[PDB]
Amino acid sequence: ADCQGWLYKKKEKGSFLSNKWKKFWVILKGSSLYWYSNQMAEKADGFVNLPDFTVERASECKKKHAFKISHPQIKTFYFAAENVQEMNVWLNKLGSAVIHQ
């Protein structure tokens with residue numbers, strides 16, 4: 001794995017003003033991102049292939065330390081870390097993972 005850690009994920013269609021987000025164990029491997037219910041689950045709850053996604057800070061969310069990943073044919077996802085240091089690692093690693101030949 002290129003990165004792993006706990007992240008909150010905003011419910012689909014949920015208000016930017018809500019702080020009720022579910023916490024997942026998240027793994028980045030190459031250009032794919034996976035979210036699991038906990039650290040022992042064999043099968044993830046979801047995944048996305050990152051080529052051509054954009055990655056940005058999301059200060060429009062009330063939840064602190066939030067960021068946005070988006071693609072026009074797939075989906076827009078909002079995640080948040082517990083603190084700025086962890087957020088910065090994710091921004092570092094995801095920005096590399098969306099680039100391709």
# chains A, B, ... in the order shown; residues from 1 in each chain; ligands from 1
call {"tool": "residues_around", "arguments": {"residues": "stretch 25-34 of chain A", "least_positions_apart": "5", "cutoff": "12 Å", "atoms": "only C-alpha atoms", "output": "ChimeraX atom specification"}}
result
/A:1-9,39-53,69,77,79-81,89-100
call {"tool": "select_by_dssp", "arguments": {"residues": "chain A", "states": "alpha helix (DSSP H)", "output": "list in words"}}
result
residues 84, 85, 86, 87, 88, 89, 90, 91, 92, 93, 94, 95, 96 and 97 of chain A
call {"tool": "closest_residue", "arguments": {"among": "A:85, A:78, A:72, A:62", "to": "residue A:13", "atoms": "only C-alpha atoms"}}
result
A:78
call {"tool": "atom_distance", "arguments": {"atom1": "atom CA of residue A:61", "atom2": "atom CA of residue A:35"}}
result
20.3 Å
call {"tool": "closest_residue", "arguments": {"among": "A:60, A:73, A:11, A:38", "to": "residue A:24", "atoms": "only C-alpha atoms"}}
result
A:38
call {"tool": "atom_distance", "arguments": {"atom1": "atom CA of residue A:63", "atom2": "atom CA of residue A:19"}}
result
5.4 Å
call {"tool": "closest_residue", "arguments": {"among": "A:37, A:76, A:101, A:18", "to": "residue A:64", "atoms": "only C-alpha atoms"}}
result
A:18
call {"tool": "decode", "arguments": {"residues": "stretch 4-28 of chain A", "atoms": "N, CA and C atoms", "output": "mmCIF file, in the first residue's frame"}}
result
data_model
loop_
_atom_site.group_PDB
_atom_site.id
_atom_site.type_symbol
_atom_site.label_atom_id
_atom_site.label_comp_id
_atom_site.auth_asym_id
_atom_site.auth_seq_id
_atom_site.Cartn_x
_atom_site.Cartn_y
_atom_site.Cartn_z
ATOM 1 N N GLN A 4 -2.281 4.399 3.858
ATOM 2 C CA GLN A 4 -3.460 3.871 4.536
ATOM 3 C C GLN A 4 -3.713 4.685 5.804
ATOM 4 N N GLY A 5 -4.957 4.663 6.259
ATOM 5 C CA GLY A 5 -5.339 5.364 7.476
ATOM 6 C C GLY A 5 -6.852 5.495 7.576
ATOM 7 N N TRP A 6 -7.304 6.036 8.717
ATOM 8 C CA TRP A 6 -8.733 6.300 8.928
ATOM 9 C C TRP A 6 -9.149 7.599 8.234
ATOM 10 N N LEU A 7 -10.292 7.580 7.528
ATOM 11 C CA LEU A 7 -10.879 8.798 6.956
ATOM 12 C C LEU A 7 -12.392 8.757 7.155
ATOM 13 N N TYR A 8 -12.970 9.916 7.456
ATOM 14 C CA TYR A 8 -14.412 10.096 7.355
ATOM 15 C C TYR A 8 -14.789 10.283 5.888
ATOM 16 N N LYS A 9 -15.984 9.817 5.524
ATOM 17 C CA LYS A 9 -16.536 9.972 4.178
ATOM 18 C C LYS A 9 -17.959 10.533 4.262
ATOM 19 N N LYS A 10 -18.228 11.604 3.508
ATOM 20 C CA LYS A 10 -19.556 12.236 3.522
ATOM 21 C C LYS A 10 -20.554 11.328 2.805
ATOM 22 N N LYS A 11 -21.757 11.205 3.368
ATOM 23 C CA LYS A 11 -22.839 10.466 2.730
ATOM 24 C C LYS A 11 -23.191 11.091 1.381
ATOM 25 N N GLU A 12 -23.497 10.247 0.388
ATOM 26 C CA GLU A 12 -23.865 10.768 -0.927
ATOM 27 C C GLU A 12 -25.116 11.633 -0.821
ATOM 28 N N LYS A 13 -25.055 12.818 -1.442
ATOM 29 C CA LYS A 13 -26.096 13.848 -1.451
ATOM 30 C C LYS A 13 -26.237 14.592 -0.125
ATOM 31 N N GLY A 14 -25.467 14.227 0.895
ATOM 32 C CA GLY A 14 -25.572 14.892 2.182
ATOM 33 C C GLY A 14 -25.091 16.332 2.145
ATOM 34 N N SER A 15 -25.710 17.156 3.001
ATOM 35 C CA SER A 15 -25.358 18.571 3.124
ATOM 36 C C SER A 15 -23.879 18.772 3.469
ATOM 37 N N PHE A 16 -23.284 19.828 2.898
ATOM 38 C CA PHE A 16 -21.939 20.234 3.288
ATOM 39 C C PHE A 16 -21.903 20.730 4.727
ATOM 40 N N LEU A 17 -23.054 21.055 5.301
ATOM 41 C CA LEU A 17 -23.109 21.640 6.636
ATOM 42 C C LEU A 17 -23.231 20.599 7.741
ATOM 43 N N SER A 18 -23.290 19.316 7.397
ATOM 44 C CA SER A 18 -23.467 18.268 8.387
ATOM 45 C C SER A 18 -22.117 17.731 8.828
ATOM 46 N N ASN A 19 -22.006 17.412 10.111
ATOM 47 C CA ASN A 19 -20.797 16.789 10.632
ATOM 48 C C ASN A 19 -20.961 15.296 10.885
ATOM 49 N N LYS A 20 -22.091 14.704 10.486
ATOM 50 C CA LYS A 20 -22.323 13.268 10.670
ATOM 51 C C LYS A 20 -21.834 12.531 9.427
ATOM 52 N N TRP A 21 -20.546 12.132 9.449
ATOM 53 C CA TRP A 21 -19.873 11.363 8.403
ATOM 54 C C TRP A 21 -19.389 10.020 8.969
ATOM 55 N N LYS A 22 -19.470 8.954 8.172
ATOM 56 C CA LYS A 22 -19.039 7.629 8.618
ATOM 57 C C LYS A 22 -17.529 7.457 8.442
ATOM 58 N N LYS A 23 -16.885 6.751 9.374
ATOM 59 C CA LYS A 23 -15.434 6.536 9.363
ATOM 60 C C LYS A 23 -15.085 5.174 8.761
ATOM 61 N N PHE A 24 -14.173 5.161 7.786
ATOM 62 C CA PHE A 24 -13.690 3.967 7.094
ATOM 63 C C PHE A 24 -12.179 3.836 7.273
ATOM 64 N N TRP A 25 -11.691 2.596 7.113
ATOM 65 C CA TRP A 25 -10.261 2.314 6.939
ATOM 66 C C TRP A 25 -9.960 2.358 5.433
ATOM 67 N N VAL A 26 -9.084 3.271 5.005
ATOM 68 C CA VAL A 26 -8.882 3.585 3.584
ATOM 69 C C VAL A 26 -7.455 3.213 3.155
ATOM 70 N N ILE A 27 -7.349 2.581 1.973
ATOM 71 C CA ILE A 27 -6.077 2.108 1.400
ATOM 72 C C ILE A 27 -5.935 2.623 -0.042
ATOM 73 N N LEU A 28 -4.806 3.271 -0.333
ATOM 74 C CA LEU A 28 -4.399 3.642 -1.691
ATOM 75 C C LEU A 28 -3.320 2.663 -2.161
#
